[PDB]
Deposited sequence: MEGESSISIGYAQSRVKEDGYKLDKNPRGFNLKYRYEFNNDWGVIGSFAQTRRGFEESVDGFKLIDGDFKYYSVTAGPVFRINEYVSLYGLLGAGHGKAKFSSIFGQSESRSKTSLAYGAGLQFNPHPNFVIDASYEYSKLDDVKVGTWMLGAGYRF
């Protein structure tokens, strides 16, 4: 009820699109969420997420794409089993390139990130968390799904 924290860790996967094309394969990573309930009805929740996809060519070129976000928002409990939340924060996207010819360069952008999710408590001490997040970084669109689990105490 009042003063309950929930901590969860989860898998995260992004679909990254620009101008009708999708980056292959999808960046993947993790999501950590921390929630604190002020009372039986309202609380706050914070989220960090990161997904990555690396690429290499050998016999030599390499690059990687990384997205991470920090978001937060109110979380409302419906009953003992289910709570819903919305999130707002910042997303940062980065594409980094390097070769044996000397090139080492990146492109990056920070913009708003928007999210929404829910937490399910099959028992009062457990959490299953699922959320979606979206960020537009210039003309690159990053949509991220997250599915996690953890504990409530």
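- Gaps between the deposited sequence and the modelled coordinates occur only at 60-63.
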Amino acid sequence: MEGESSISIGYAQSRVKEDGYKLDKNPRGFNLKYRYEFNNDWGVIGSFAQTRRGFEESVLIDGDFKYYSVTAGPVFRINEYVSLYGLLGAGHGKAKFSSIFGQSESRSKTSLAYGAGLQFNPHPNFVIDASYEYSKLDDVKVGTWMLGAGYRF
From here on, numbers count along this sequence of modelled residues.
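- Per-stretch averaging of Cα B factors for 43-51 and 60-68 places 60-68 on top.
- Relative to one another, 106-114 and 34-42 have unequal mean CA B-factors, and 34-42 is the one with the higher figure.
- Ranking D138, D129, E133, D19 by Cα temperature factor from the entry places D19 first.
- Comparing the listed residues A95, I100, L87, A90, the entry records the largest Cα B-factor for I100.
- When the modelled residues of the chain are ordered by their C-alpha B factor, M1 lands in the highest third.
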